[PDB]
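A.B. asks: Below is the file upload.txt, which contains compact mmCIF, N, CA and C atoms.
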```
# COMPACT_ATOMS: atom_id res chain seq x y z
N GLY S 1 114.63 -90.63 -35.92
CA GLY S 1 115.35 -90.52 -37.18
C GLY S 1 116.80 -90.98 -37.02
N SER S 2 117.60 -90.65 -38.02
CA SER S 2 119.01 -91.03 -38.01
C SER S 2 119.86 -89.89 -38.57
N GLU S 3 121.16 -89.98 -38.31
CA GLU S 3 122.09 -88.96 -38.77
C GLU S 3 122.95 -89.51 -39.91
N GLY S 4 122.83 -88.87 -41.06
CA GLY S 4 123.59 -89.28 -42.23
C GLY S 4 123.10 -88.57 -43.49
N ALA S 5 124.00 -87.82 -44.10
CA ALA S 5 123.67 -87.08 -45.31
C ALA S 5 124.80 -87.25 -46.33
N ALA S 6 124.44 -87.82 -47.47
CA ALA S 6 125.40 -88.05 -48.53
C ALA S 6 126.55 -88.92 -48.00
N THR S 7 126.37 -90.22 -48.14
CA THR S 7 127.37 -91.17 -47.68
C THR S 7 128.13 -91.76 -48.87
N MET S 8 127.37 -92.29 -49.81
CA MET S 8 127.96 -92.89 -51.00
C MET S 8 126.87 -93.39 -51.95
N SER S 9 126.11 -94.36 -51.47
CA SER S 9 125.04 -94.94 -52.26
C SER S 9 123.79 -95.14 -51.39
N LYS S 10 122.78 -94.33 -51.67
CA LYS S 10 121.54 -94.40 -50.92
C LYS S 10 120.38 -94.62 -51.90
N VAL S 11 119.21 -94.89 -51.33
CA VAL S 11 118.02 -95.12 -52.13
C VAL S 11 116.80 -94.57 -51.40
N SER S 12 116.13 -93.64 -52.05
CA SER S 12 114.94 -93.03 -51.47
C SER S 12 113.69 -93.72 -51.99
N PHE S 13 112.66 -93.73 -51.15
CA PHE S 13 111.40 -94.36 -51.52
C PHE S 13 110.24 -93.38 -51.36
N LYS S 14 109.23 -93.56 -52.20
CA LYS S 14 108.06 -92.70 -52.17
C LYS S 14 106.81 -93.56 -51.97
N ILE S 15 106.39 -93.66 -50.71
CA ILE S 15 105.22 -94.45 -50.37
C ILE S 15 104.12 -93.52 -49.86
N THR S 16 102.90 -93.77 -50.32
CA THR S 16 101.76 -92.97 -49.92
C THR S 16 100.75 -93.82 -49.15
N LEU S 17 100.24 -93.25 -48.07
CA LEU S 17 99.27 -93.94 -47.24
C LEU S 17 97.93 -94.01 -47.98
N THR S 18 97.59 -95.22 -48.41
CA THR S 18 96.34 -95.43 -49.12
C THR S 18 95.21 -95.75 -48.15
N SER S 19 95.25 -95.08 -47.00
CA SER S 19 94.24 -95.29 -45.98
C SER S 19 93.40 -94.02 -45.81
N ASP S 20 94.07 -92.89 -45.96
CA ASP S 20 93.40 -91.60 -45.82
C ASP S 20 93.03 -91.07 -47.21
N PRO S 21 91.98 -90.21 -47.23
CA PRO S 21 91.52 -89.63 -48.48
C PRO S 21 92.48 -88.53 -48.97
N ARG S 22 93.52 -88.31 -48.18
CA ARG S 22 94.51 -87.31 -48.51
C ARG S 22 95.70 -87.95 -49.22
N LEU S 23 95.87 -89.24 -48.98
CA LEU S 23 96.96 -89.98 -49.59
C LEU S 23 98.27 -89.20 -49.40
N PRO S 24 98.73 -89.16 -48.12
CA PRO S 24 99.95 -88.46 -47.79
C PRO S 24 101.18 -89.26 -48.23
N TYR S 25 102.23 -88.53 -48.59
CA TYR S 25 103.46 -89.16 -49.03
C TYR S 25 104.65 -88.67 -48.20
N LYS S 26 105.73 -89.44 -48.26
CA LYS S 26 106.93 -89.10 -47.52
C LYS S 26 108.14 -89.75 -48.21
N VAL S 27 109.15 -88.92 -48.46
CA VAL S 27 110.36 -89.40 -49.11
C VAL S 27 111.37 -89.83 -48.04
N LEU S 28 111.68 -91.11 -48.05
CA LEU S 28 112.63 -91.66 -47.10
C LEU S 28 114.01 -91.75 -47.75
N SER S 29 115.02 -91.82 -46.90
CA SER S 29 116.39 -91.91 -47.38
C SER S 29 117.20 -92.85 -46.48
N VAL S 30 117.68 -93.93 -47.09
CA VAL S 30 118.46 -94.91 -46.36
C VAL S 30 119.45 -95.58 -47.32
N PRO S 31 120.49 -96.21 -46.72
CA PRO S 31 121.51 -96.89 -47.51
C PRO S 31 120.98 -98.22 -48.06
N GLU S 32 121.01 -98.33 -49.38
CA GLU S 32 120.54 -99.53 -50.04
C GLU S 32 120.92 -100.77 -49.22
N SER S 33 122.17 -100.79 -48.80
CA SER S 33 122.67 -101.90 -48.01
C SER S 33 121.59 -102.39 -47.04
N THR S 34 120.86 -101.43 -46.49
CA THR S 34 119.80 -101.74 -45.55
C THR S 34 118.67 -102.51 -46.26
N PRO S 35 118.03 -103.43 -45.49
CA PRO S 35 116.94 -104.23 -46.02
C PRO S 35 115.67 -103.40 -46.15
N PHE S 36 115.02 -103.54 -47.30
CA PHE S 36 113.79 -102.81 -47.56
C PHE S 36 112.72 -103.14 -46.52
N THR S 37 112.98 -104.22 -45.79
CA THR S 37 112.05 -104.65 -44.75
C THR S 37 111.96 -103.61 -43.64
N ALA S 38 113.07 -102.91 -43.44
CA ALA S 38 113.14 -101.89 -42.41
C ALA S 38 112.32 -100.67 -42.85
N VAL S 39 112.38 -100.41 -44.15
CA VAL S 39 111.65 -99.28 -44.72
C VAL S 39 110.19 -99.35 -44.27
N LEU S 40 109.71 -100.57 -44.12
CA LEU S 40 108.33 -100.79 -43.71
C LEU S 40 108.12 -100.19 -42.32
N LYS S 41 108.79 -100.79 -41.34
CA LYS S 41 108.68 -100.33 -39.97
C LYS S 41 108.73 -98.80 -39.94
N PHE S 42 109.72 -98.26 -40.65
CA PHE S 42 109.89 -96.82 -40.72
C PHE S 42 108.67 -96.16 -41.37
N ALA S 43 108.36 -96.62 -42.57
CA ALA S 43 107.23 -96.08 -43.31
C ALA S 43 105.96 -96.22 -42.47
N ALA S 44 106.01 -97.15 -41.53
CA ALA S 44 104.88 -97.39 -40.66
C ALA S 44 104.84 -96.31 -39.58
N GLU S 45 105.78 -96.40 -38.65
CA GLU S 45 105.86 -95.44 -37.57
C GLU S 45 105.73 -94.02 -38.11
N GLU S 46 106.24 -93.82 -39.31
CA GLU S 46 106.19 -92.52 -39.95
C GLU S 46 104.73 -92.04 -40.05
N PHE S 47 103.86 -92.98 -40.36
CA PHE S 47 102.44 -92.67 -40.49
C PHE S 47 101.69 -92.99 -39.20
N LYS S 48 102.46 -93.29 -38.16
CA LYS S 48 101.88 -93.62 -36.87
C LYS S 48 100.99 -94.85 -37.01
N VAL S 49 101.48 -95.81 -37.78
CA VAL S 49 100.74 -97.04 -38.00
C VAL S 49 101.52 -98.21 -37.39
N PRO S 50 100.77 -99.31 -37.09
CA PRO S 50 101.37 -100.49 -36.51
C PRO S 50 102.16 -101.28 -37.55
N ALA S 51 103.39 -101.62 -37.19
CA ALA S 51 104.26 -102.37 -38.08
C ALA S 51 104.01 -103.87 -37.89
N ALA S 52 102.73 -104.22 -37.88
CA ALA S 52 102.35 -105.61 -37.70
C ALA S 52 101.37 -106.01 -38.81
N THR S 53 100.36 -105.18 -38.99
CA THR S 53 99.35 -105.43 -40.01
C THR S 53 99.56 -104.49 -41.20
N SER S 54 100.83 -104.30 -41.55
CA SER S 54 101.18 -103.43 -42.66
C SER S 54 102.31 -104.06 -43.47
N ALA S 55 102.31 -103.76 -44.76
CA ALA S 55 103.33 -104.29 -45.65
C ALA S 55 103.35 -103.46 -46.94
N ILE S 56 104.53 -103.42 -47.56
CA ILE S 56 104.70 -102.67 -48.79
C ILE S 56 104.57 -103.62 -49.98
N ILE S 57 103.85 -103.17 -50.99
CA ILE S 57 103.64 -103.97 -52.19
C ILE S 57 103.93 -103.10 -53.42
N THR S 58 104.00 -103.77 -54.57
CA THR S 58 104.26 -103.08 -55.82
C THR S 58 102.96 -102.56 -56.42
N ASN S 59 103.06 -102.09 -57.66
CA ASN S 59 101.90 -101.56 -58.36
C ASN S 59 101.26 -102.67 -59.19
N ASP S 60 101.45 -103.90 -58.73
CA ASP S 60 100.90 -105.05 -59.42
C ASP S 60 100.27 -106.01 -58.40
N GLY S 61 99.99 -105.46 -57.22
CA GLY S 61 99.39 -106.25 -56.16
C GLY S 61 100.32 -107.40 -55.74
N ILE S 62 101.59 -107.23 -56.05
CA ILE S 62 102.58 -108.24 -55.72
C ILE S 62 103.40 -107.77 -54.51
N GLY S 63 103.64 -108.70 -53.60
CA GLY S 63 104.40 -108.40 -52.40
C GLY S 63 105.87 -108.13 -52.74
N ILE S 64 106.68 -108.05 -51.69
CA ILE S 64 108.10 -107.80 -51.86
C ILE S 64 108.89 -108.69 -50.90
N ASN S 65 110.05 -109.13 -51.37
CA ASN S 65 110.90 -109.98 -50.56
C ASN S 65 112.22 -109.26 -50.28
N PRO S 66 112.37 -108.81 -49.00
CA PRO S 66 113.57 -108.10 -48.59
C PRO S 66 114.75 -109.07 -48.42
N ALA S 67 114.97 -109.86 -49.46
CA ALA S 67 116.05 -110.83 -49.45
C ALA S 67 117.30 -110.21 -50.08
N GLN S 68 117.30 -108.88 -50.11
CA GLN S 68 118.42 -108.15 -50.68
C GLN S 68 118.39 -106.69 -50.23
N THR S 69 119.47 -105.99 -50.54
CA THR S 69 119.58 -104.58 -50.18
C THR S 69 118.39 -103.79 -50.74
N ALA S 70 117.97 -102.80 -49.97
CA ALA S 70 116.85 -101.96 -50.38
C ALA S 70 117.07 -101.50 -51.83
N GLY S 71 118.32 -101.15 -52.12
CA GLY S 71 118.67 -100.69 -53.45
C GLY S 71 118.38 -101.76 -54.50
N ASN S 72 118.34 -103.00 -54.03
CA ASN S 72 118.07 -104.13 -54.92
C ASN S 72 116.58 -104.46 -54.87
N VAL S 73 115.92 -103.96 -53.84
CA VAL S 73 114.50 -104.19 -53.67
C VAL S 73 113.72 -103.06 -54.34
N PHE S 74 114.16 -101.84 -54.08
CA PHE S 74 113.52 -100.67 -54.65
C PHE S 74 113.80 -100.56 -56.15
N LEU S 75 114.78 -101.34 -56.59
CA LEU S 75 115.16 -101.34 -57.99
C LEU S 75 114.36 -102.42 -58.73
N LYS S 76 114.40 -103.62 -58.17
CA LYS S 76 113.69 -104.75 -58.76
C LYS S 76 112.19 -104.48 -58.70
N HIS S 77 111.76 -103.95 -57.57
CA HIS S 77 110.35 -103.64 -57.37
C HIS S 77 110.06 -102.23 -57.88
N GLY S 78 110.89 -101.30 -57.44
CA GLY S 78 110.73 -99.91 -57.84
C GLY S 78 110.69 -98.99 -56.62
N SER S 79 110.58 -97.70 -56.90
CA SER S 79 110.52 -96.71 -55.84
C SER S 79 109.07 -96.38 -55.50
N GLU S 80 108.28 -96.16 -56.54
CA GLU S 80 106.88 -95.84 -56.37
C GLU S 80 106.10 -97.09 -55.94
N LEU S 81 105.79 -97.14 -54.65
CA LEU S 81 105.06 -98.27 -54.11
C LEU S 81 103.96 -97.75 -53.18
N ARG S 82 103.13 -98.68 -52.72
CA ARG S 82 102.03 -98.33 -51.83
C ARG S 82 102.02 -99.26 -50.61
N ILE S 83 101.64 -98.69 -49.48
CA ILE S 83 101.58 -99.45 -48.24
C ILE S 83 100.16 -99.96 -48.03
N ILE S 84 100.03 -101.28 -48.00
CA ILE S 84 98.73 -101.91 -47.81
C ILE S 84 98.75 -102.70 -46.50
N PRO S 85 97.53 -102.92 -45.95
CA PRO S 85 97.39 -103.67 -44.71
C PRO S 85 97.59 -105.17 -44.94
N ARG S 86 98.19 -105.81 -43.96
CA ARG S 86 98.45 -107.24 -44.05
C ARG S 86 97.71 -107.98 -42.93
N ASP S 87 97.33 -109.21 -43.22
CA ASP S 87 96.62 -110.03 -42.26
C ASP S 87 96.90 -111.51 -42.55
N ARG S 88 97.35 -112.21 -41.52
CA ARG S 88 97.65 -113.62 -41.65
C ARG S 88 96.38 -114.45 -41.48
N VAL S 89 95.70 -114.21 -40.37
CA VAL S 89 94.47 -114.93 -40.07
C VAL S 89 93.56 -114.05 -39.21
N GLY S 90 92.29 -114.01 -39.59
CA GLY S 90 91.32 -113.21 -38.85
C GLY S 90 91.00 -111.91 -39.60
N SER S 91 90.95 -110.83 -38.84
CA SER S 91 90.66 -109.53 -39.42
C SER S 91 89.16 -109.42 -39.74
N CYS S 92 88.72 -110.28 -40.65
CA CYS S 92 87.33 -110.29 -41.05
C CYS S 92 86.98 -108.92 -41.64
```
Would you write the structure of this file as structure tokens?

C.D. replies:
Amino acid sequence: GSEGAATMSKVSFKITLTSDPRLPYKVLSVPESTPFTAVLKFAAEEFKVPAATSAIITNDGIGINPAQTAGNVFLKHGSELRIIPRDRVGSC
């Protein structure tokens, strides 16, 4: 984890693991300034999942581009998102 409570401008995310029949959730807290791309790795390790075949998407089956601050990603995309598995080639 990290140390930081109430800094100035943060953005929390609510992602649920759509892999288990329990659909567990976890509220994360990080500075928007940070890239939403990191939220993945975190949201991953958080669920003890590999940050290789995983990615966060919207509620429209559309991916996300961490080409901006999380606050700009979680805003443009939203907070309520789902973590889905990713695969470049193979998997089958």

A.B. asks: Would you mind listing what lies within 5 Å of stretch 80-91 of chain S as a PyMOL selection string, with all atoms listed in the file counted and same-chain residues fewer than 4 positions away left out?

C.D. replies: chain S and resi 14-16+53-57

A.B. asks: I'd like the interatomic distance between atom CA of residue S:79 and atom CA of residue S:6, to a tenth of an Å.

C.D. replies: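 Distance reported for this atom pair: 18.7 Å.
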
A.B. asks: I'd like the contact shell of residue S:7 - 12 Å cut-off, only C-alpha atoms, skipping same-chain residues fewer than 6 positions apart - returned as JSON, numbers by chain.

C.D. replies: {"S": [29, 30, 31, 32, 33]}

A.B. asks: Mind giving me the straight-line distance from atom CA of residue S:18 to atom CA of residue S:47 in Å, one decimal?

C.D. replies: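 About the pair atom CA of residue S:18 and atom CA of residue S:47: they are 10.9 Å apart.
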
A.B. asks: Using only N, CA and C atoms for the distances, tell me which of S:78, S:63, S:71, S:1 is nearest to residue S:34.

C.D. replies: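 Using only N, CA and C atoms, the shortest distance to residue S:34 belongs to S:71.
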
A.B. asks: Rounded to one decimal in Å, what is the spacing between atom CA of residue S:70 and atom CA of residue S:43?

C.D. replies: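 If I compute the distance from atom CA of residue S:70 to atom CA of residue S:43, I get 13.3 Å.
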
A.B. asks: Write stretch 2-13 of chain S as a PDB file, keeping the file's coordinate frame, completed to N, CA, C and O atoms.

C.D. replies:
```
ATOM      1  N   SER S   2     117.600 -90.650 -38.020  1.00  0.00           N
ATOM      2  CA  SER S   2     119.010 -91.030 -38.010  1.00  0.00           C
ATOM      3  C   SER S   2     119.860 -89.890 -38.570  1.00  0.00           C
ATOM      4  O   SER S   2     119.339 -88.969 -39.199  1.00  0.00           O
ATOM      5  N   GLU S   3     121.160 -89.980 -38.310  1.00  0.00           N
ATOM      6  CA  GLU S   3     122.090 -88.960 -38.770  1.00  0.00           C
ATOM      7  C   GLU S   3     122.950 -89.510 -39.910  1.00  0.00           C
ATOM      8  O   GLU S   3     123.680 -90.486 -39.727  1.00  0.00           O
ATOM      9  N   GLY S   4     122.830 -88.870 -41.060  1.00  0.00           N
ATOM     10  CA  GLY S   4     123.590 -89.280 -42.230  1.00  0.00           C
ATOM     11  C   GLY S   4     123.100 -88.570 -43.490  1.00  0.00           C
ATOM     12  O   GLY S   4     121.934 -88.708 -43.871  1.00  0.00           O
ATOM     13  N   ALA S   5     124.000 -87.820 -44.100  1.00  0.00           N
ATOM     14  CA  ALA S   5     123.670 -87.080 -45.310  1.00  0.00           C
ATOM     15  C   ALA S   5     124.800 -87.250 -46.330  1.00  0.00           C
ATOM     16  O   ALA S   5     125.936 -86.865 -46.070  1.00  0.00           O
ATOM     17  N   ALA S   6     124.440 -87.820 -47.470  1.00  0.00           N
ATOM     18  CA  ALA S   6     125.400 -88.050 -48.530  1.00  0.00           C
ATOM     19  C   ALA S   6     126.550 -88.920 -48.000  1.00  0.00           C
ATOM     20  O   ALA S   6     127.535 -88.402 -47.480  1.00  0.00           O
ATOM     21  N   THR S   7     126.370 -90.220 -48.140  1.00  0.00           N
ATOM     22  CA  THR S   7     127.370 -91.170 -47.680  1.00  0.00           C
ATOM     23  C   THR S   7     128.130 -91.760 -48.870  1.00  0.00           C
ATOM     24  O   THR S   7     129.361 -91.724 -48.903  1.00  0.00           O
ATOM     25  N   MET S   8     127.370 -92.290 -49.810  1.00  0.00           N
ATOM     26  CA  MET S   8     127.960 -92.890 -51.000  1.00  0.00           C
ATOM     27  C   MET S   8     126.870 -93.390 -51.950  1.00  0.00           C
ATOM     28  O   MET S   8     126.751 -92.911 -53.077  1.00  0.00           O
ATOM     29  N   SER S   9     126.110 -94.360 -51.470  1.00  0.00           N
ATOM     30  CA  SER S   9     125.040 -94.940 -52.260  1.00  0.00           C
ATOM     31  C   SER S   9     123.790 -95.140 -51.390  1.00  0.00           C
ATOM     32  O   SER S   9     123.771 -96.003 -50.518  1.00  0.00           O
ATOM     33  N   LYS S  10     122.780 -94.330 -51.670  1.00  0.00           N
ATOM     34  CA  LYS S  10     121.540 -94.400 -50.920  1.00  0.00           C
ATOM     35  C   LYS S  10     120.380 -94.620 -51.900  1.00  0.00           C
ATOM     36  O   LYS S  10     120.559 -94.542 -53.112  1.00  0.00           O
ATOM     37  N   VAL S  11     119.210 -94.890 -51.330  1.00  0.00           N
ATOM     38  CA  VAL S  11     118.020 -95.120 -52.130  1.00  0.00           C
ATOM     39  C   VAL S  11     116.800 -94.570 -51.400  1.00  0.00           C
ATOM     40  O   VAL S  11     116.498 -95.003 -50.282  1.00  0.00           O
ATOM     41  N   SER S  12     116.130 -93.640 -52.050  1.00  0.00           N
ATOM     42  CA  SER S  12     114.940 -93.030 -51.470  1.00  0.00           C
ATOM     43  C   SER S  12     113.690 -93.720 -51.990  1.00  0.00           C
ATOM     44  O   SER S  12     113.671 -94.214 -53.118  1.00  0.00           O
ATOM     45  N   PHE S  13     112.660 -93.730 -51.150  1.00  0.00           N
ATOM     46  CA  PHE S  13     111.400 -94.360 -51.520  1.00  0.00           C
ATOM     47  C   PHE S  13     110.240 -93.380 -51.360  1.00  0.00           C
ATOM     48  O   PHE S  13     110.273 -92.498 -50.500  1.00  0.00           O
TER      49      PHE S  13
END
```
